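Asker: Residue numbers (my numbering), protein chains in the order written: chain D, 2 to 19; chain R, 30 to 171; chain F, 945 to 1142; chain Z, 1455 to 2024; chain C, 2 to 181; chain H, 17 to 26; chain P, 2 to 416.
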Amino acid sequence: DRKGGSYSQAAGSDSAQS
Amino acid sequence: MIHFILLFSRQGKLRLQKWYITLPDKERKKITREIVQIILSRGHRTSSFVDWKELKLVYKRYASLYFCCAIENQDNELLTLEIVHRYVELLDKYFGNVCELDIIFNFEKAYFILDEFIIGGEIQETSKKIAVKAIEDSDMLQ
Amino acid sequence: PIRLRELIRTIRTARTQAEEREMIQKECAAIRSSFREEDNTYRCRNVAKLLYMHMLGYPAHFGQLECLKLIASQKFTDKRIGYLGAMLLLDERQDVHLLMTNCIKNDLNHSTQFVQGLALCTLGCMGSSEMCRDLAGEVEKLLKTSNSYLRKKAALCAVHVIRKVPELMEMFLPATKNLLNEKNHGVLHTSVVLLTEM
Amino acid sequence: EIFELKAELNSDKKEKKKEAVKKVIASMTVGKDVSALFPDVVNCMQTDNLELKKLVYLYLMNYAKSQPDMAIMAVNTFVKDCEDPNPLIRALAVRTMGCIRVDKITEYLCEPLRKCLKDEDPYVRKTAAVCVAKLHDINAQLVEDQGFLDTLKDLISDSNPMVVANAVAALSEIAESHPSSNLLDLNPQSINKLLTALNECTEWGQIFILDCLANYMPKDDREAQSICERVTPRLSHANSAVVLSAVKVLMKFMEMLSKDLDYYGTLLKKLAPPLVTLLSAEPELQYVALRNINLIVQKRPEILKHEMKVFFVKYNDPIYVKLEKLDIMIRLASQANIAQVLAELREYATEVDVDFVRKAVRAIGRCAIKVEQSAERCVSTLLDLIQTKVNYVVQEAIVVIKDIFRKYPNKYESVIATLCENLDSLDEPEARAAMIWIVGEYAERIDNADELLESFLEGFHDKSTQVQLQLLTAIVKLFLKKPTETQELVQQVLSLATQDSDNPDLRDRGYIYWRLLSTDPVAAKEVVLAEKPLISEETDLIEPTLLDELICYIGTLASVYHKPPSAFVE
Amino acid sequence: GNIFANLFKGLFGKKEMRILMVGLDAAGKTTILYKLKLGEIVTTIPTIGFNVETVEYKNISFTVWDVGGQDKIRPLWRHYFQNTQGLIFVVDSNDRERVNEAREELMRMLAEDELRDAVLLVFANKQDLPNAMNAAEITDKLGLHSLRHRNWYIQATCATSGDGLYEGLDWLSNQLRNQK
Amino acid sequence: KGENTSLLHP
Amino acid sequence: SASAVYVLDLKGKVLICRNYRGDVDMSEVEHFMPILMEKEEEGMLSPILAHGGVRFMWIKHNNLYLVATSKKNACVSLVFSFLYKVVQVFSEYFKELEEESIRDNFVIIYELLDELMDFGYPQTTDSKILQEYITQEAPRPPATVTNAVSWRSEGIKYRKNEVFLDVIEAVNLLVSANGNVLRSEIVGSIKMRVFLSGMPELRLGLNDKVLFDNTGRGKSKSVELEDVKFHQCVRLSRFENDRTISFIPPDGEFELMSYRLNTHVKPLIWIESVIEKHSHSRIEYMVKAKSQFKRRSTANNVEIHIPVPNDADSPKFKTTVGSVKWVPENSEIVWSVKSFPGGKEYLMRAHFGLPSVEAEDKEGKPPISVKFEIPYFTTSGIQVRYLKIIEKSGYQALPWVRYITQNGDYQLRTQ
Ligand SMILES: Nc1nc2c(ncn2[C@@H]2O[C@H](COP(=O)(O)OP(=O)(O)OP(=O)(O)O)[C@@H](O)[C@H]2O)c(=O)[nH]1
Ligand SMILES: [Mg+2]
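(1) Less than 7 Å separating the Cβ of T64 of chain C from some heavy atom of ligand 2?
(2) Say whether chain R places a C-beta atom closer than 8 Å to the C-beta of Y1093 of chain F.
(3) Output the residues surrounding ligand 1, defined as those with a CB atom closer than 5 Å to any ligand heavy atom, in chain order.
(4) Beta strand (DSSP E) containing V123 of chain C: first to last residue?
(5) Please confirm whether any heavy atom of ligand 2 lies closer than 7 Å to the CB of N3 of chain C.
(6) In angstroms, rounded to a whole number, what distance separates the CA positions of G323 of chain P and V338 of chain P?
(7) Can you find the residues in the same chain that come closer than 7 Å, C-beta to C-beta, to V1083 of chain F, ignoring five residues on each side of it along the sequence?
(8) Kindly indicate the opening and closing residues of the alpha helix (DSSP H) around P1576 of chain Z.
(9) Anything in chain F within Cβ reach of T109 of chain R, meaning under 9 Å, just list it in chain order.
(10) When you compare only the Cα positions, how much space is there between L1839 of chain Z and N1902 of chain Z?
(11) Can you determine whether any heavy atom of ligand 2 sits closer than 7 Å to the C-beta of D67 of chain C, and answer yes or no?
(12) Does the Cβ of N52 of chain C lie closer than 7 Å to at least one heavy atom of ligand 2?
(13) Residues in the region 280–308 of chain P with C-beta within 9 Å of chain D's C-beta atoms, listed in sequence order?
(14) For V1806 of chain Z and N148 of chain P, what's the separation of their Cα atoms in angstroms?
(15) Can you give the Cα-Cα distance for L1923 of chain Z and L50 of chain P, rounded to whole angstroms?
(16) Output needed in chain order: residues of the region 392–411 of chain P with a Cβ under 8 Å from some Cβ in chain Z.
(17) When we look at the beta-carbon of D362 of chain P and count the other beta-carbons within 10 Å, is it buried (16 or more) or exposed?
(18) Name, please, each residue of chain B whose Cβ falls closer than 7 Å to the Cβ of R79 of chain C.
(19) What are the residues of the region 72–96 of chain C that lie near chain F, defined by any Cβ-Cβ distance shorter than 8 Å?
(20) Under 7 Å between beta-carbons, which chain P residues line up against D15 of chain D? List them in chain order, please.
(21) Based on the DSSP secondary-structure assignment, which residues constitute the bridge partners of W152 of chain P?
(22) Based on DSSP bridge pairs, tell me the residues matched to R19 of chain P.
(23) According to DSSP, is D167 of chain P part of a helix, a strand, or is it coil?
(24) In terms of alpha-carbon separation, which member of F:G1130, F:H1054, F:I968 and F:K1085 lies closest to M999 of chain F?
(25) DSSP state of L67 of chain P, grouped into three classes?
(26) Alpha carbon to alpha carbon, how far is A398 of chain P from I390 of chain P?
(27) Beta carbon of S2 of chain P, beta carbon of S71 of chain P: below 8 Å?
(28) Since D983 of chain F meets chain C, which of its residues come closer than 9 Å, beta carbon to beta carbon?
(29) Could you give the first and the last residue of the continuous beta strand (DSSP E) run that contains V402 of chain P?
(30) For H73 of chain R, which three-state DSSP category applies?
(31) Against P251 of chain P, what residues of chain D qualify as contacts under a CB-to-CB distance less than 8 Å, listed in chain order?
(32) Got a sec: which bits of the region 149–169 of chain P sit with their beta carbon under 8 Å from any beta carbon on chain Z, in order along the chain?
(33) So which residues on chain D does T216 of chain P lean against when the C-beta distance must stay under 8 Å?
(34) What residue ranges within the region 40–108 of chain P form continuous beta strand (DSSP E) runs of no fewer than 3 residues, ordered along the chain?
(35) With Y347 of chain P as the anchor, note down where its alpha helix (DSSP H) starts and where it stops.
See the structure below:
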């Protein structure tokens, strides 16, 4: 864990925008 | 009569202060700052006498810490220097090898000695041993 | 009750002006907390710390009633601390020295030669236009005594009263007559100064 | 000490030589005059280790002007070091050669500078470009003789964008000291080439690249439009100076753009967010940002018209920023945000800064004078401040009321009664004189005007020249308006200012008043108590000629001080 | 925490308490304080400053701070309001012209938001002349019953004799201490 | 330091 | 156009000096201290001094003022930027900025000062890039400085490819004493710690309002950032063309983008405080804090600073939740709360004494500042959509990011 909000994985790009 | 006496260090820090004139706290601080600036902005061949605000400001420091006084233009100039030297000698005799370190920590003793020696800007005891004996007797009372 | 030497060392340990101010405020908070409890045992240390803070450039307005209370105390150290506080942080324009007249009058008749001398020195150093009016009668009584250690103090008090109240010199004319034969150098110097002032 | 150090430095052991060099560097940094040992360290200069070579070069640079004669023993070493295979050594040698302020040494350094001008290493090229500018600053004639201008010009049209930016900066510095003869200006192709390398320049190179365009003057809207389009991306730079440089370039280019086209509107819309972002910089840069906004506010006030909330001074804001915040609010003050400005001024009047309080009072007065729609609100705020019982605040309110009455006194008769008894014991010359002038000019709504002037006539002969003149004018006005209750007052004033008054101007005014009273008192009503014309307020907008010149000088000392560059440089 | 030491101290008496001495000049305040402390009617000059003393009775240190009735010392009574637990009011029934001034001073001192826990202590001083009123006429004139949330108690004490001092001390102890 | 030195050195 | 960059101290002694042009005598630094003292004592003290024809523009550091003398009409903004870059480089190289390292790290400090700026024109400012050419414990300069990419050293290899992001929120609220909020601005901060192999070209993608409108999806939750400031690695042209945030992330932690837009929502914390200060008798602090934020979010380490009287002594606090302590050094009541669930309501009742003697001068009313820091809460609603990590060699990146919400300039004006 970590104070200030747990780190979350990020996407690669807008998959819904092609 | 001495209007005020201020013991200030070479760095500008004041180790002793005794003013015989009722002045405002802000005005007193401004006067002290001006005196420190003038003394700190004076050479070693200034005669140890300054006519600041029509007051014979005499500066004579025997160590890193300097000494200041405010005497009106009605008495001799050498008298103030003699009184300062006598007070320094009496403080050295009462304390024993008085240095700058003992002045800050032993400010109460110096204030008591000054009160027992000079009251109201004028001298109270011309001798140097009677005042020391009186100070010792007062201290021994507890 | 922090000692004066410890407070001086702590102040010297401060380098920055902000740090010194913070330390002074931290000490003054404890001093005010002790004063609000009506402390009487370690009152001398608190008074010394307040005087050092005032000399170092910190306000000491709240420490006015404590000096008056210690002035009317019985301990010699407490009385000396109160006298020093009145001489340093007390003045004519302060407006709190009016209540000190009763304390000075009570200590003016004290049998001890140190408490009376300290009170006389404080009155001479912080003489007011009204304090000398209610203290002129007691000053003349001590001027006619044969105490060598008190004759100089009485002469200084009379000179200070005359300087503050030029109209009170009429009450000192019959007291300084036939006083030029004092063997002590201090008494003779005080008499000469008083005669010159008159 | 000195002998031991010299012996250690004159030894064949590198372990002792490095320690001696470190000790010499520390002594010089510690504040020791170590210039006497310059010849001793000259022998221990050609060292393979770069750690001691840099210290020796620094000592020589710091001990070059002090002992120029002893520096003649380093030209051969510099020439030898200017050909080292390592680019770092060559760059250090080039930097040291240009840093040596020796007249007899820069002459022989032309050959190494020419050799290193076309250096393949970009660091070597940048070092040569810097050394050329240093030599030109030291000796412009030597640089001109060496023909380094042609090499510097070709540097901008080569690879290495950092080296190109350095060469452009050196050329600008050389032309800055030049008399404008044979300028290094370039056509649109050079501007396009610089813009192509602008996106590849470093943080420091961006300023150098954008400073060149500050001198070029576009002649067509298409060129100006392209320049604006290329400089638009510069507004999204994290560097505060880069954003300021881009804003200055856009402002300079807008002088040739056409307001009819949509490019001007887009530029104006894209500049406000940049100003808002720059306003949140460091406190040191806050003053610079405020000065830049004030300089650009007087030119295009339609960009930051809606930027008022960000102009509020913070509690922790610096004094230099707090003072500029009031000026920014006054410049952007309008009837739309008049209530917000009044509320901010009211909050700023509760502080303890006497200078801050005076600045707030002056800003409130300026806002009230500028906008007549909030005159009643300003009067109410001033009355509340006067009722606050503050000596400095009271003086500021009196000054503000006196200023407002001279400008808008038609509906100022409702506040005379409140100001009639407002603690007139204040001895401030700026407040007492203002109160006397208000009483004299507004001696109609106060039934005790004569009684009030009696207290101020006790020391009229020793109060002040301006105060005495104001009191005399008020007495004359009261006598002209109401001579029944001030018949003896006028005579007393004339006697005191004409017989006991030694002031030349005051004596002349008193004599003139007495002559007017004794000649035609009826004519004094139309002569003394006449309707003065509208008072011309002192406009705070700078002259258009200075604004155009100040536009080009953006981000420099001439913009912070709001003075021309030639009026502050020495 | 442990309160064994406090219980041991209270087993033989620990509470001391405080008290105040205010009133008009020449109202018997200094003489009353001297009688309470020493037990004799001592003649003293008018109280230019203030007098601080303590009384040991019933295992409670009743510290009394005499305050003068000087005009310049009337506004100085607010200094003693800090760290003050009790208050004693001394009336001057022998001064008809000064009765109104004393009542006004008491009303002004009783109208302070900081001096709320100090119970009323009315002392009938100068109870030796025929012109002195009773214990109810003075209270009725001063309106002591109109002091909401104030515990007022009128006690008549003779400066020359000293009668009623014990009753007043007992009443003060009962008002301050709420135990057996 | 310079503070530990005596005021008069006697 | 600085003439000589020098580092001073708190006693007026110049810790280190580095002349760049030599057009200003080194003795002018002595008059800087008296000039600064006069300006401070008269209220005219400013970071940009002027000793006659020579200007001394510098900022105050932790222990010394980095004063840079100048004589010509040099760019003050350029000097400030150079000073900031030097401070950042010193912080990166030396963990502390004090006199202990100035007199101990002179060997590397002098080399860094010489290499950074030549003739008053700085050339390199990247601490990571500069660490490969100047060390305190020398090879040829790296090609990164010579190449266009001067913020990403080539050849970096790591066992794993993990990039940690930090969406730090700054809740700044300027509430007047009347109860209305004047300055309510929220500044986003996208700080990422990129640790990958090679020189990847990050393609940042978020749910920006402008991007959604351009793509045609301007109907969902889109972040409306009034000002967006990209880092040096971010290409300005790419963002200006079609809102394409393409840049090469650096090796380490750096600020890529910093959004800054106004906020029109209600405050996350509503503070209702009253001052029942008696005239030299006592004081009351009826402070009530109402959390307007979402209940699912908890404000870790809530510190609502309540400025109490400067001369107040013997204070008593009657609160509900959280430890309240008065610090004489700061002269305020520190309403410290460890965990504050959203929607919580804390009520406090302060009571402190006051000396009978009034103060000589007024002390003012410092604003009440709250130190709420609620992690995992995005007030602006901006969410990261994608991060295109592309490498020539080809690798599977594992980007990470966290959202942190804290209180920025969230000061409350006193009555
Ligand atoms: N003879 C006589 N005099 C009394 C009696 N009670 C009060 N007095 C008068 O009250 C005065 C009391 O003064 P003090 O005891 O010195 O103190 P105080 O009452 O506070 O008066 P001040 O010091 O002026 O404030 C005396 O001077 C008496 O004249 C009494 O019972 N008998
Ligand atoms: Mg009495």
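C-beta atoms are modelled at their ideal positions from N, C-alpha and C, and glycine is treated no differently.
Answerer: With the structure as the only source:
(1) Taking 7 Å as the cut-off, one finds no heavy atom of ligand 2 near enough to the beta carbon of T64 of chain C.
(2) Yes, its Cβ sits closer than 8 Å to a Cβ of chain R.
(3) One residue list follows from the rule of a beta carbon closer than 5 Å to any heavy atom of ligand 1, given in chain order as C:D26, C:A27, C:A28, C:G29, C:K30, C:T31, C:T32, C:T45, C:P47, C:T48, C:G69, C:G70, C:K127, C:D129, C:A160 and C:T161.
(4) Counting along the chain, the beta strand (DSSP E) containing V123 of chain C begins and ends at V123 to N126.
(5) Not so, every heavy atom of ligand 2 lies at least 7 Å from the Cβ.
(6) Computed Cα separation, rounded: 4 Å.
(7) Excluding the 5 residues flanking it on each side, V1083 of chain F has same chain C-beta neighbours closer than 7 Å at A1098, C1101, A1102 and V1105, in chain order.
(8) For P1576 of chain Z, the uninterrupted alpha helix (DSSP H) run begins and ends at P1576 to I1592, by DSSP.
(9) When 9 Å is used as the limit between beta carbons, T109 of chain R is near no residue of chain F, the shortest such separation being about 15 Å.
(10) Whole-angstrom Cα-Cα distance: 24 Å.
(11) Distances between the C-beta of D67 of chain C and the heavy atoms of ligand 2 include at least one below 7 Å.
(12) Yes, the beta carbon of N52 of chain C sits closer than 7 Å to at least one heavy atom of ligand 2.
(13) Of all residues in the region 280–308 of chain P, only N301 and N302 place a beta-carbon less than 9 Å from a beta-carbon of chain D.
(14) For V1806 of chain Z and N148 of chain P, the gap between their C-alpha atoms comes out near 55 Å.
(15) Rounded to whole angstroms, the gap between the alpha carbons of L1923 of chain Z and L50 of chain P is 40 Å.
(16) If the cut-off is 8 Å between Cβ atoms, the region 392–411 of chain P has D410 near chain Z.
(17) Result: exposed.
(18) Protein chains in the displayed structure are D, R, F, Z, C, H and P, and chain B is not among them.
(19) Under the 8 Å Cβ criterion, the region 72–96 of chain C contributes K73, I74, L77, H80, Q83 and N84.
(20) Within chain P, the residues placing a beta-carbon under 7 Å from that of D15 of chain D are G206, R386 and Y387, ordered along the chain.
(21) DSSP output for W152 of chain P lists no bridge partner at all.
(22) The partner list for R19 of chain P (beta bridge, DSSP) reads P:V6.
(23) Strand, per DSSP.
(24) Minimum Cα-Cα distance from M999 of chain F among the listed residues F:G1130, F:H1054, F:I968 and F:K1085 corresponds to F:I968.
(25) Of the three classes helix, strand and coil, the one that applies to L67 of chain P here is strand, per DSSP.
(26) Each residue's Cα considered, the two are about 7 Å apart.
(27) For the 8 Å CB-CB criterion, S2 of chain P and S71 of chain P form a contact.
(28) Residues of chain C whose Cβ lies closer than 9 Å to the Cβ of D983 of chain F do not exist, since the nearest Cβ in that chain is about 10 Å away.
(29) Its beta strand (DSSP E) spans residues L399 to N408.
(30) In the structure shown, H73 of chain R sits in coil (DSSP, three-state: anything other than H, G, I, E or B).
(31) Chain D residues near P251 of chain P: none, gap ~17 Å exceeds 8 Å.
(32) Of all residues in the region 149–169 of chain P, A149 and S151 have a Cβ within less than 8 Å of some Cβ in chain Z.
(33) By Cβ distance, chain D contributes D15 and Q18.
(34) For the region 40–108 of chain P, whole beta strand (DSSP E) runs of length 3 or above, ordered along the chain, are 49–52, 55–61 and 66–71.
(35) Counting along the chain, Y347 of chain P falls outside any alpha helix (DSSP H), though it belongs to the beta strand (DSSP E) covering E346 to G354.
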